[PDB]
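Participant: Below is one structure. I have some questions about it.
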Amino acid sequence: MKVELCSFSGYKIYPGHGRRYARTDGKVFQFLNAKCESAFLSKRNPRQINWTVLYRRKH
Amino acid sequence: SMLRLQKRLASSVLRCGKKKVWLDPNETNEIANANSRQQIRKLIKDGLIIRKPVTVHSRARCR
Amino acid sequence: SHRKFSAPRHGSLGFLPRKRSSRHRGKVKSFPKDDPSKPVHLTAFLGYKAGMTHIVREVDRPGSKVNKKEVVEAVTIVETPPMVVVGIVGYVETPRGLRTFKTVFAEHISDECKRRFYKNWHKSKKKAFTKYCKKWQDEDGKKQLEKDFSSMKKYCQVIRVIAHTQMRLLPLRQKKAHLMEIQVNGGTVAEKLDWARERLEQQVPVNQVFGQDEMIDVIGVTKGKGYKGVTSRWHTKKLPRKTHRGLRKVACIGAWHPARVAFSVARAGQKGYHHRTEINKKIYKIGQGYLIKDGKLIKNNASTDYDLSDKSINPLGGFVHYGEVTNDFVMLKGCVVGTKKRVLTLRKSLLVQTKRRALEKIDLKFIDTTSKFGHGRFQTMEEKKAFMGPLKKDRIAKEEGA
Amino acid sequence: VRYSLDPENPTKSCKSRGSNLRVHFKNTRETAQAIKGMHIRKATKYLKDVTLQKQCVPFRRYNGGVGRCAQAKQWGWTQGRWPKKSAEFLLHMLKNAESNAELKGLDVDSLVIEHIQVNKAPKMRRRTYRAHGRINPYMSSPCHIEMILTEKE
RNA sequence: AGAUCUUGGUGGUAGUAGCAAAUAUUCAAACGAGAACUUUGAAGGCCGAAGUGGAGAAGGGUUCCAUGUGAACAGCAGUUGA
RNA sequence: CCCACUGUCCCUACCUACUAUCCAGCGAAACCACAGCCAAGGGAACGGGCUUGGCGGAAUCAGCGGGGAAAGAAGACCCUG
RNA sequence: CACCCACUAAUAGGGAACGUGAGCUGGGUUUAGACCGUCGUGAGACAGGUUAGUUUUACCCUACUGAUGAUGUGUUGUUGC
Ligand SMILES: [Mg+2]
Ligand SMILES: [Mg+2]
Ligand SMILES: [Mg+2]
Ligand SMILES: [Mg+2]
Ligand SMILES: [Mg+2]
Ligand SMILES: [Mg+2]
Ligand SMILES: [Mg+2]
Ligand SMILES: [Mg+2]
Ligand SMILES: [Mg+2]
Ligand SMILES: [Mg+2]
Ligand SMILES: [Mg+2]
Ligand SMILES: [Mg+2]
Ligand SMILES: [Mg+2]
Ligand SMILES: [Mg+2]
Ligand SMILES: [Mg+2]
Ligand SMILES: [Mg+2]
Ligand SMILES: [Mg+2]
Ligand SMILES: [Mg+2]
Ligand SMILES: [Mg+2]
Ligand SMILES: [Mg+2]
Ligand SMILES: [Mg+2]
Ligand SMILES: [Mg+2]
Ligand SMILES: [Mg+2]
Ligand SMILES: [Mg+2]
Ligand SMILES: [Mg+2]
Ligand SMILES: [Mg+2]
Ligand SMILES: [Mg+2]
């Protein structure tokens, strides 16, 4: 019933789940789990990971 | 009963190792009577003792 | 010589017999102070720790940083199917304590309850209470029961009811019911005797024992940990890496004098499976359980007035290691002692709730039902289906049978 | 040969004996104590169960370090074990005593072990090698056994 | 009755410490009174040519090789064995 | 002393192998006046025993290192001959 | 011990065989190697300095920690004080 967020993987993050990452540059990300977070931290492109929403929409 | 001697003699006759000596498990008693290299020689000819082939170490992957 | 720098001792001495609990159920050990002005009511209940989840709610604590704000809070689901009253105990106040004056048991004790009297129910011929129940129908037996009820009326101070859980309504492997004495508070001895008498063989739901957002106390046994060293048991400091005999030890277990090891020295032994009571556990909800009128009415288990979604308290894929919650349940706030499917005693508070932390109305907004068997990310089946669309397993299902 | 505890009448009785049997004395003493006074068919089934680890023998006197078991509750004890060699040796001695009863013409279906005794035999010397060039004994503790069975039903 | 006395024997400790260095065994059959340990076969592994392989010098002295035994020895067992 | 690095630490947790553990078989040694719960007293001035009090419930298992001024060595320090 | 930095409600003083080595460590002291200074004819000495220098044993009784059990209520079980 709060703001409903979307991950690096586009999945819907319900309140009380995942983490939030605020970089020094001023942009803020929210992740669903350490799999999605560490994928983002290793600079992997979600358009090339098949289970990601941005891949499904792309293809 | 025990074929320690026959396996040793069959190795020497076949000029192989004990690794490659095959004493027929069905004819344990027949092999057990062969207490000399001459009886071993006839066992090999008759087929109750077989020299097994070399374990395959192919070089195709290297080639 | 004195120790160089002061430091508090490890572990409390108020739990010193740190042994396996002699009981499994968890004894009340103190019922709330009985007063006659209040109406007749029960003081305890038996539930089972179904699992945990988290909720979202709006806080109404003025002067706080969370006032008019949403928070998430861990809550523990405890399944509480209605218990059955099967007996009455009288107690008399002697100058040596309470002593059990007289016990009266109802006719038609259920088979699940009679399992409690047998170490081997399978080989048993189930003869327990078969001659006792015969006295409820003959004249001399009934007249005796009248004399025993009247003797309780004029000689007993506090009376308690024997009540047992209905284990057949639970998904557990156990069929043996849990018996417990529940004190009847609030009235004269005659009044609570007449109340308890009419409840014999009847069912007492948790709605008539506890209420919404009242602080209760949870009594039970904690998780067992087996034999444990001093570092896990008493949380003492580890010795450095260079220690010869080992570092998960206590270096000095006493001075030369008093020439004996003191009882207050941390030592290795059984950890866990201890009988503990925790006070001030707020009730956030009391679910309605499943009910059939024309179909299976399941929505109101986890449907808050802001959710309006047809779902139960059960997570996706069921509660881990417990099963499916179907009966009425009580959603306590925060962690609770014990493993899953561990019997818990829920007791009315011995204190009086006057702080603003207590007597605060709870108004839920959201109840998490994602899968707890992993990193669940969907609340219901239908939400998962709408997000993913049809899959291969459902394609061939719609292809083979058309 | 000289037995201890000659029977009240050696007309309904049979005897068995063994000398220098290679079993542990402490184990056999506990096993013999368990089967004393038993009916012969009961001791036969019992000693077979001890080999199968279905019934334990209670280690009462020689119980230093002996672990606890659930089967000790058949007896009034807490510590018990299942000595396979002692049960084997007493089983052979029981078959020997049973055959003696067949020779004496009295029915074996009613024999009861009225007397049984385990004595220490002369020890057998072995050798073990220790830390700083030292030797210690590795002696064995064999045992003599005797038993007397009687007709009663 | 003593001498940390001499020699011999025996206890408690105690059925206790322990039988934990170098990856690992399993299935079936035979002989046999008896098989975790013997023999054969089938697997799975190891040494990996500076070897756990084939040969010697020194030293041992018959340990070599057949057949037989199952007392003692091979710190479990053995139908096996230096 | 500095950079880097890290469970050295904050502050500990979890996993693996071999043990320990229980069982079958086999099976020692050190040590041993008698033994073995304490407070105080007096006493070779720090008692397991003695006095006075506190008390005392078979048989045991796994640990433990406070005691037995524990064991190991007729003190190598110091004095005497 | 001391002194300094900083935090803090405050950063008090002590005992327990100068508590605590079969709990650890071994930095120091207090063996044998070695260097310097001073003393000594010399061997050598130095509460003078410096560098390298084996830390063993518990499985026994008790204590303590937990774990079975034991007495007696005819047996046995449930609930309890
Ligand atoms: Mg202080
Ligand atoms: Mg205190
Ligand atoms: Mg060290
Ligand atoms: Mg989970
Ligand atoms: Mg050795
Ligand atoms: Mg040597
Ligand atoms: Mg003398
Ligand atoms: Mg002497
Ligand atoms: Mg052992
Ligand atoms: Mg071992
Ligand atoms: Mg290899
Ligand atoms: Mg070679
Ligand atoms: Mg040879
Ligand atoms: Mg042997
Ligand atoms: Mg004292
Ligand atoms: Mg001297
Ligand atoms: Mg000397
Ligand atoms: Mg000191
Ligand atoms: Mg000490
Ligand atoms: Mg030390
Ligand atoms: Mg040093
Ligand atoms: Mg020096
Ligand atoms: Mg000079
Ligand atoms: Mg200087
Ligand atoms: Mg050096
Ligand atoms: Mg012991
Ligand atoms: Mg042990």
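Identifiers in this document derive from the order of the structure tokens: chains are assigned A, B, ..., residues are numbered from 1 separately in each chain, and ligands are numbered from 1 in order of occurrence.
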Could you list, as a VMD selection string, all residues that come within 12 Å of ligand 4? Count only C-alpha atoms (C1' of nucleotides) and all ligand atoms.
Facilitator: chain C and resid 51 to 53 315 to 321 370 to 376
Participant: Next, the residues of the selection above should be written as an mmCIF file, in the first residue's frame with C-alpha atoms.
Facilitator:
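To be explicit, this is the file written out as part-v6.cif:
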data_model
loop_
_atom_site.group_PDB
_atom_site.id
_atom_site.type_symbol
_atom_site.label_atom_id
_atom_site.label_comp_id
_atom_site.auth_asym_id
_atom_site.auth_seq_id
_atom_site.Cartn_x
_atom_site.Cartn_y
_atom_site.Cartn_z
ATOM 1 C CA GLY C 51 5.436 -19.480 10.884
ATOM 2 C CA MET C 52 6.335 -15.849 10.349
ATOM 3 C CA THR C 53 5.719 -13.082 7.829
ATOM 4 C CA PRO C 315 2.207 -17.925 1.740
ATOM 5 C CA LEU C 316 2.650 -19.091 -1.807
ATOM 6 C CA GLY C 317 3.624 -22.743 -1.634
ATOM 7 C CA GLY C 318 2.405 -23.124 1.944
ATOM 8 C CA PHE C 319 4.087 -22.387 5.239
ATOM 9 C CA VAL C 320 7.590 -23.825 5.257
ATOM 10 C CA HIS C 321 7.964 -26.962 7.406
ATOM 11 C CA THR C 370 5.055 -14.206 -0.924
ATOM 12 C CA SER C 371 6.751 -17.577 -0.841
ATOM 13 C CA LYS C 372 8.902 -18.147 2.222
ATOM 14 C CA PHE C 373 10.537 -21.216 0.614
ATOM 15 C CA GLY C 374 13.024 -18.996 -1.194
ATOM 16 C CA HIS C 375 13.000 -15.429 -2.453
ATOM 17 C CA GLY C 376 9.323 -15.268 -3.272
#
Participant: Where does DSSP see helix (DSSP H, G or I) in chain A, if you list the residues as a VMD selection string?
Facilitator: chain A and resid 34 to 41 46 to 48 53 to 58
Participant: Deliver the residues from the most recent selection as a file, using N, CA, C and O atoms, as an mmCIF file, in the first residue's frame.
Facilitator:
data_model
loop_
_atom_site.group_PDB
_atom_site.id
_atom_site.type_symbol
_atom_site.label_atom_id
_atom_site.label_comp_id
_atom_site.auth_asym_id
_atom_site.auth_seq_id
_atom_site.Cartn_x
_atom_site.Cartn_y
_atom_site.Cartn_z
ATOM 1 N N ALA A 34 19.845 -10.260 -4.080
ATOM 2 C CA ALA A 34 21.271 -10.129 -4.343
ATOM 3 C C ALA A 34 21.666 -10.651 -5.715
ATOM 4 O O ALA A 34 22.725 -10.275 -6.223
ATOM 5 N N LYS A 35 20.854 -11.518 -6.321
ATOM 6 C CA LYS A 35 21.118 -11.925 -7.694
ATOM 7 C C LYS A 35 20.985 -10.744 -8.640
ATOM 8 O O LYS A 35 21.884 -10.470 -9.442
ATOM 9 N N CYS A 36 19.866 -10.022 -8.551
ATOM 10 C CA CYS A 36 19.665 -8.866 -9.413
ATOM 11 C C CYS A 36 20.629 -7.743 -9.076
ATOM 12 O O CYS A 36 21.069 -7.019 -9.972
ATOM 13 N N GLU A 37 20.962 -7.576 -7.799
ATOM 14 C CA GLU A 37 21.856 -6.493 -7.414
ATOM 15 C C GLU A 37 23.264 -6.736 -7.930
ATOM 16 O O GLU A 37 23.876 -5.845 -8.527
ATOM 17 N N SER A 38 23.793 -7.939 -7.715
ATOM 18 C CA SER A 38 25.157 -8.230 -8.138
ATOM 19 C C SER A 38 25.270 -8.318 -9.652
ATOM 20 O O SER A 38 26.361 -8.133 -10.202
ATOM 21 N N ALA A 39 24.170 -8.625 -10.339
ATOM 22 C CA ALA A 39 24.158 -8.502 -11.790
ATOM 23 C C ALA A 39 24.341 -7.054 -12.210
ATOM 24 O O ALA A 39 25.102 -6.760 -13.139
ATOM 25 N N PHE A 40 23.659 -6.135 -11.525
ATOM 26 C CA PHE A 40 23.795 -4.714 -11.813
ATOM 27 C C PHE A 40 25.162 -4.181 -11.410
ATOM 28 O O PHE A 40 25.703 -3.298 -12.083
ATOM 29 N N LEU A 41 25.718 -4.675 -10.305
ATOM 30 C CA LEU A 41 26.994 -4.161 -9.833
ATOM 31 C C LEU A 41 28.141 -4.603 -10.726
ATOM 32 O O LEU A 41 29.106 -3.854 -10.906
ATOM 33 N N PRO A 46 20.859 -5.827 -18.712
ATOM 34 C CA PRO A 46 19.640 -6.635 -18.566
ATOM 35 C C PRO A 46 19.016 -7.041 -19.883
ATOM 36 O O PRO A 46 18.220 -7.984 -19.905
ATOM 37 N N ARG A 47 19.355 -6.369 -20.979
ATOM 38 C CA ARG A 47 18.871 -6.765 -22.291
ATOM 39 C C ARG A 47 19.506 -8.056 -22.793
ATOM 40 O O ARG A 47 19.075 -8.570 -23.829
ATOM 41 N N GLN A 48 20.510 -8.590 -22.096
ATOM 42 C CA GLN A 48 21.154 -9.839 -22.486
ATOM 43 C C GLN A 48 21.024 -10.939 -21.440
ATOM 44 O O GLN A 48 21.729 -11.949 -21.534
ATOM 45 N N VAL A 53 12.920 -8.675 -17.414
ATOM 46 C CA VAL A 53 11.782 -8.083 -18.114
ATOM 47 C C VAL A 53 12.246 -7.346 -19.361
ATOM 48 O O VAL A 53 11.648 -7.479 -20.434
ATOM 49 N N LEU A 54 13.323 -6.569 -19.245
ATOM 50 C CA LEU A 54 13.804 -5.798 -20.384
ATOM 51 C C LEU A 54 14.291 -6.679 -21.524
ATOM 52 O O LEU A 54 14.340 -6.215 -22.666
ATOM 53 N N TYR A 55 14.670 -7.927 -21.246
ATOM 54 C CA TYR A 55 14.952 -8.865 -22.324
ATOM 55 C C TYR A 55 13.670 -9.372 -22.964
ATOM 56 O O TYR A 55 13.593 -9.490 -24.191
ATOM 57 N N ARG A 56 12.670 -9.715 -22.150
ATOM 58 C CA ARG A 56 11.430 -10.243 -22.702
ATOM 59 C C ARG A 56 10.752 -9.214 -23.590
ATOM 60 O O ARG A 56 10.279 -9.541 -24.683
ATOM 61 N N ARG A 57 10.702 -7.963 -23.141
ATOM 62 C CA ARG A 57 10.141 -6.911 -23.975
ATOM 63 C C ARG A 57 10.977 -6.683 -25.226
ATOM 64 O O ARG A 57 10.424 -6.441 -26.303
ATOM 65 N N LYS A 58 12.303 -6.766 -25.108
ATOM 66 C CA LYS A 58 13.165 -6.523 -26.258
ATOM 67 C C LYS A 58 12.955 -7.569 -27.341
ATOM 68 O O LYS A 58 12.841 -7.230 -28.523
#
Participant: Would you name the residues within 12 Å of ligand 1, counting only C-alpha atoms (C1' of nucleotides) and all ligand atoms, and put them as a PyMOL selection string?
Facilitator: (chain C and resi 1-8) or (chain G and resi 11-15)
Participant: Go ahead and write the residues just picked, C-alpha atoms (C1' of nucleotides), as a PDB file, in the first residue's frame.
Facilitator:
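Writing the result to part15.pdb gives the following:
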ATOM      1  CA  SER C   1      44.190  -8.884  42.569  1.00  0.00           C
ATOM      2  CA  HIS C   2      41.261  -7.134  40.939  1.00  0.00           C
ATOM      3  CA  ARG C   3      40.617  -7.553  37.245  1.00  0.00           C
ATOM      4  CA  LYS C   4      42.165  -4.725  35.262  1.00  0.00           C
ATOM      5  CA  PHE C   5      39.021  -3.277  33.683  1.00  0.00           C
ATOM      6  CA  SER C   6      35.458  -3.892  34.769  1.00  0.00           C
ATOM      7  CA  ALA C   7      33.119  -5.669  32.383  1.00  0.00           C
ATOM      8  CA  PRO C   8      29.625  -7.115  32.867  1.00  0.00           C
TER       9      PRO C   8
ATOM     10  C1'   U G  11      35.883   6.913  33.275  1.00  0.00           C
ATOM     11  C1'   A G  12      36.838   4.966  42.083  1.00  0.00           C
ATOM     12  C1'   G G  13      40.403   2.076  44.966  1.00  0.00           C
ATOM     13  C1'   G G  14      41.205  -2.888  46.140  1.00  0.00           C
ATOM     14  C1'   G G  15      41.226  -8.774  47.562  1.00  0.00           C
TER      15        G G  15
END
Participant: Name the residues in contact with residue 37 (chain E) at a cut-off of 10 Å, using only C-alpha atoms (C1' of nucleotides), excluding same-chain residues fewer than 4 positions from it; report them as a PyMOL selection string.
Facilitator: chain E and resi 76-78+80
Participant: Any chance you can output those residues with C-alpha atoms (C1' of nucleotides) as a PDB file, in the first residue's frame?
Facilitator:
ATOM      1  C1'   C E  76      40.261 -56.632  14.365  1.00  0.00           C
ATOM      2  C1'   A E  77      39.806 -60.994  11.454  1.00  0.00           C
ATOM      3  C1'   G E  78      41.681 -64.475   8.222  1.00  0.00           C
ATOM      4  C1'   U E  80      45.688 -65.576   4.300  1.00  0.00           C
TER       5        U E  80
END
Participant: Could the residues of chain C within 6 Å of chain F, counting only C-alpha atoms (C1' of nucleotides), be given as a ChimeraX atom specification, please?
Facilitator: /C:254,259-261
Participant: Could you name the residues that touch residue 232 (chain C) at 10 Å or less, counting only C-alpha atoms (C1' of nucleotides), but leaving out those on the same chain fewer than 2 positions away, as a PDB file with N, CA and C atoms (P, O5', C5', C4', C3', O3' and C1' of nucleotides), in the first residue's frame?
Facilitator:
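The result, written out as selection.pdb:
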ATOM      1  N   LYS C 225      19.440 -26.809  20.662  1.00  0.00           N
ATOM      2  CA  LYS C 225      20.703 -26.635  19.970  1.00  0.00           C
ATOM      3  C   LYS C 225      21.697 -27.743  20.280  1.00  0.00           C
ATOM      4  N   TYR C 227      24.321 -30.148  22.591  1.00  0.00           N
ATOM      5  CA  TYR C 227      25.493 -29.788  23.372  1.00  0.00           C
ATOM      6  C   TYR C 227      26.181 -28.591  22.732  1.00  0.00           C
ATOM      7  N   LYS C 228      26.646 -27.661  23.556  1.00  0.00           N
ATOM      8  CA  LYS C 228      27.245 -26.449  23.019  1.00  0.00           C
ATOM      9  C   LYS C 228      28.360 -25.978  23.935  1.00  0.00           C
ATOM     10  N   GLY C 229      29.385 -25.385  23.331  1.00  0.00           N
ATOM     11  CA  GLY C 229      30.495 -24.841  24.075  1.00  0.00           C
ATOM     12  C   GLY C 229      30.164 -23.494  24.666  1.00  0.00           C
ATOM     13  N   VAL C 230      31.111 -22.967  25.442  1.00  0.00           N
ATOM     14  CA  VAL C 230      30.849 -21.745  26.191  1.00  0.00           C
ATOM     15  C   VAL C 230      30.690 -20.548  25.266  1.00  0.00           C
ATOM     16  N   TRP C 234      27.216 -19.310  26.421  1.00  0.00           N
ATOM     17  CA  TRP C 234      27.258 -18.113  27.242  1.00  0.00           C
ATOM     18  C   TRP C 234      27.827 -16.906  26.519  1.00  0.00           C
ATOM     19  N   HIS C 235      28.119 -17.025  25.225  1.00  0.00           N
ATOM     20  CA  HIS C 235      28.559 -15.904  24.397  1.00  0.00           C
ATOM     21  C   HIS C 235      29.818 -15.248  24.951  1.00  0.00           C
ATOM     22  N   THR C 236      30.747 -16.063  25.429  1.00  0.00           N
ATOM     23  CA  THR C 236      31.976 -15.519  25.973  1.00  0.00           C
ATOM     24  C   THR C 236      32.971 -15.219  24.856  1.00  0.00           C
ATOM     25  N   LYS C 237      33.941 -14.372  25.175  1.00  0.00           N
ATOM     26  CA  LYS C 237      34.927 -13.948  24.193  1.00  0.00           C
ATOM     27  C   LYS C 237      35.811 -15.113  23.774  1.00  0.00           C
ATOM     28  N   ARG C 248      37.884 -21.748  21.792  1.00  0.00           N
ATOM     29  CA  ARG C 248      36.467 -21.632  22.135  1.00  0.00           C
ATOM     30  C   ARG C 248      36.221 -22.133  23.555  1.00  0.00           C
ATOM     31  N   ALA C 268      30.411 -25.540  29.338  1.00  0.00           N
ATOM     32  CA  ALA C 268      29.777 -26.138  28.175  1.00  0.00           C
ATOM     33  C   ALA C 268      28.705 -27.131  28.583  1.00  0.00           C
ATOM     34  N   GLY C 269      27.599 -27.117  27.854  1.00  0.00           N
ATOM     35  CA  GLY C 269      26.508 -28.018  28.155  1.00  0.00           C
ATOM     36  C   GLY C 269      25.366 -27.808  27.194  1.00  0.00           C
ATOM     37  N   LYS C 271      22.411 -26.406  25.253  1.00  0.00           N
ATOM     38  CA  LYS C 271      21.911 -25.094  24.882  1.00  0.00           C
ATOM     39  C   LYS C 271      20.606 -25.259  24.127  1.00  0.00           C
TER      40      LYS C 271
ATOM     41  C1'   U F  12      31.563 -13.771  15.784  1.00  0.00           C
ATOM     42  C3'   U F  12      31.106 -15.607  17.175  1.00  0.00           C
ATOM     43  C4'   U F  12      31.359 -14.384  18.035  1.00  0.00           C
ATOM     44  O3'   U F  12      30.163 -16.497  17.736  1.00  0.00           O
ATOM     45  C5'   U F  12      32.322 -14.569  19.178  1.00  0.00           C
ATOM     46  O5'   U F  12      32.468 -13.373  19.921  1.00  0.00           O
ATOM     47  P     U F  12      33.836 -12.569  19.909  1.00  0.00           P
TER      48        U F  12
END
Participant: Give the residue list for ligand 11 at 10 Å, counting only C-alpha atoms (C1' of nucleotides) and all ligand atoms, as a list in words, sorted by chain and then by residue number.
Facilitator: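 The distance check yields residues 45, 46, 47 and 48 of chain E.
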Participant: Using only C-alpha atoms (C1' of nucleotides), which residues sit within 9 Å of residue 35 (chain B) once same-chain residues fewer than 4 positions away are excluded, as number ranges by chain?
Facilitator: B: 5-6, 9, 31, 39-40
Participant: Mind listing as a ChimeraX atom specification which residues of chain D are within 7 Å of chain F, counting only C-alpha atoms (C1' of nucleotides)?
Facilitator: /D:67-68,84,136-138
Participant: Using only C-alpha atoms (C1' of nucleotides) and all ligand atoms, what are the residues with an atom within 9 Å of ligand 19, set out as a VMD selection string?
Facilitator: (chain C and resid 252 255 to 256) or (chain F and resid 65 to 66) or (chain G and resid 20 to 23)
Participant: Ligand 25: which residues are within 10 Å, counting only C-alpha atoms (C1' of nucleotides) and all ligand atoms, as number ranges by chain?
Facilitator: G: 51-53
Participant: Output N, CA and C atoms (P, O5', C5', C4', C3', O3' and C1' of nucleotides) for every residue in that selection, as a PDB file, in the first residue's frame.
Facilitator:
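Output saved as result-v5.pdb:
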ATOM      1  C1'   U G  51      70.204 -10.054  19.834  1.00  0.00           C
ATOM      2  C3'   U G  51      67.907 -10.000  19.340  1.00  0.00           C
ATOM      3  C4'   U G  51      68.515  -8.644  19.042  1.00  0.00           C
ATOM      4  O3'   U G  51      66.837 -10.338  18.479  1.00  0.00           O
ATOM      5  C5'   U G  51      67.758  -7.449  19.556  1.00  0.00           C
ATOM      6  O5'   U G  51      67.672  -7.457  20.968  1.00  0.00           O
ATOM      7  P     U G  51      66.914  -6.295  21.737  1.00  0.00           P
ATOM      8  P     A G  52      65.651 -11.276  19.010  1.00  0.00           P
ATOM      9  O5'   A G  52      66.254 -12.739  18.910  1.00  0.00           O
ATOM     10  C5'   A G  52      66.629 -13.283  17.656  1.00  0.00           C
ATOM     11  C4'   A G  52      67.163 -14.681  17.813  1.00  0.00           C
ATOM     12  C3'   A G  52      66.343 -15.608  18.689  1.00  0.00           C
ATOM     13  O3'   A G  52      65.236 -16.167  18.011  1.00  0.00           O
ATOM     14  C1'   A G  52      68.598 -15.753  19.314  1.00  0.00           C
ATOM     15  P     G G  53      63.976 -16.713  18.834  1.00  0.00           P
ATOM     16  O5'   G G  53      64.387 -18.199  19.222  1.00  0.00           O
ATOM     17  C5'   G G  53      63.932 -18.797  20.424  1.00  0.00           C
ATOM     18  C4'   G G  53      65.034 -19.580  21.087  1.00  0.00           C
ATOM     19  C3'   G G  53      64.715 -20.152  22.458  1.00  0.00           C
ATOM     20  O3'   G G  53      63.995 -21.370  22.417  1.00  0.00           O
ATOM     21  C1'   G G  53      66.763 -19.014  22.563  1.00  0.00           C
TER      22        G G  53
END
Participant: If the limit is 12 Å from any atom of ligand 3, counting only C-alpha atoms (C1' of nucleotides) and all ligand atoms, which residues qualify? Return them as a ChimeraX atom specification.
Facilitator: /C:240-247 /G:21,24-26,54-55
Participant: Could I get the residues of chain E with an atom no further than 10 Å from an atom of chain D, each paired with its nearest atom pair and that distance in Å to one decimal, using only C-alpha atoms (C1' of nucleotides), sorted by chain and residue number, as CSV?
Facilitator:
residue,atom,partner,partner_atom,distance
E:14,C1',D:64,CA,6.7
E:15,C1',D:26,CA,6.9
E:16,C1',D:65,CA,6.5
E:72,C1',D:124,CA,9.7
E:73,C1',D:126,CA,9.3
E:75,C1',D:128,CA,6.6
Participant: Could the residues of chain A within 9 Å of chain C, counting only C-alpha atoms, be given as JSON, numbers by chain, please?
Facilitator: {"A": [1, 2, 11, 12, 13, 14, 15, 16, 17, 32, 33]}
Participant: Output N, CA and C atoms of each residue in that selection to a file, as a PDB file, in the first residue's frame.
Facilitator:
ATOM      1  N   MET A   1       0.833  -1.199   0.000  1.00  0.00           N
ATOM      2  CA  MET A   1       0.000   0.000   0.000  1.00  0.00           C
ATOM      3  C   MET A   1       0.868   1.250   0.000  1.00  0.00           C
ATOM      4  N   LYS A   2       2.176   1.037  -0.030  1.00  0.00           N
ATOM      5  CA  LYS A   2       3.141   2.111  -0.195  1.00  0.00           C
ATOM      6  C   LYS A   2       3.381   2.352  -1.681  1.00  0.00           C
ATOM      7  N   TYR A  11      11.148  -6.481 -12.184  1.00  0.00           N
ATOM      8  CA  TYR A  11      10.186  -7.159 -11.337  1.00  0.00           C
ATOM      9  C   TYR A  11       9.651  -6.210 -10.279  1.00  0.00           C
ATOM     10  N   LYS A  12       8.427  -6.471  -9.844  1.00  0.00           N
ATOM     11  CA  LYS A  12       7.768  -5.618  -8.869  1.00  0.00           C
ATOM     12  C   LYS A  12       8.249  -5.975  -7.470  1.00  0.00           C
ATOM     13  N   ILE A  13       8.721  -4.980  -6.728  1.00  0.00           N
ATOM     14  CA  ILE A  13       9.287  -5.195  -5.400  1.00  0.00           C
ATOM     15  C   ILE A  13       8.264  -4.760  -4.365  1.00  0.00           C
ATOM     16  N   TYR A  14       7.722  -5.721  -3.638  1.00  0.00           N
ATOM     17  CA  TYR A  14       6.778  -5.424  -2.580  1.00  0.00           C
ATOM     18  C   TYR A  14       7.514  -4.876  -1.366  1.00  0.00           C
ATOM     19  N   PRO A  15       6.835  -4.096  -0.522  1.00  0.00           N
ATOM     20  CA  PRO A  15       7.522  -3.468   0.612  1.00  0.00           C
ATOM     21  C   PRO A  15       8.118  -4.497   1.555  1.00  0.00           C
ATOM     22  N   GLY A  16       9.278  -4.159   2.108  1.00  0.00           N
ATOM     23  CA  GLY A  16       9.986  -5.055   2.991  1.00  0.00           C
ATOM     24  C   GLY A  16      10.872  -6.066   2.309  1.00  0.00           C
ATOM     25  N   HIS A  17      11.134  -5.917   1.015  1.00  0.00           N
ATOM     26  CA  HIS A  17      11.961  -6.856   0.275  1.00  0.00           C
ATOM     27  C   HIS A  17      13.105  -6.117  -0.397  1.00  0.00           C
ATOM     28  N   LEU A  32      15.594  -6.439  -6.165  1.00  0.00           N
ATOM     29  CA  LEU A  32      14.726  -7.401  -5.512  1.00  0.00           C
ATOM     30  C   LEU A  32      15.518  -8.374  -4.655  1.00  0.00           C
ATOM     31  N   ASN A  33      16.692  -8.787  -5.113  1.00  0.00           N
ATOM     32  CA  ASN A  33      17.507  -9.729  -4.366  1.00  0.00           C
ATOM     33  C   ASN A  33      18.951  -9.605  -4.822  1.00  0.00           C
TER      34      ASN A  33
END
Participant: Residues at most 10 Å from ligand 2, using only C-alpha atoms (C1' of nucleotides) and all ligand atoms? Could they come as a CSV table (one decimal) with C-alpha atoms, in the first residue's frame?
Facilitator:
chain,number,residue,atom,x,y,z
C,8,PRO,CA,29.6,-7.1,32.9
C,9,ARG,CA,29.3,-10.9,33.3
C,11,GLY,CA,24.6,-14.4,30.6
C,12,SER,CA,22.0,-14.0,33.2
C,13,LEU,CA,22.0,-16.0,36.4
C,14,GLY,CA,18.2,-16.0,36.5
C,264,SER,CA,28.4,-18.8,38.1
Participant: For CA of residue 30 (chain A) and CA of residue 3 (chain A), quote the distance in Å rounded to one decimal.
Facilitator: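 Separation of CA of residue 30 (chain A) and CA of residue 3 (chain A): 12.2 Å.
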Participant: For chain F against ligand 16, with a cut-off of 12 Å and counting only C-alpha atoms (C1' of nucleotides) and all ligand atoms, what is the closest atom pair and its distance in Å to one decimal for every residue that makes the cut, ordered by chain and number, as CSV?
Facilitator:
residue,atom,partner,partner_atom_place_in_ligand_line,distance
F:73,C1',ligand 16,1 (Mg),10.8
F:74,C1',ligand 16,1 (Mg),5.2
F:75,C1',ligand 16,1 (Mg),6.6
F:76,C1',ligand 16,1 (Mg),11.2
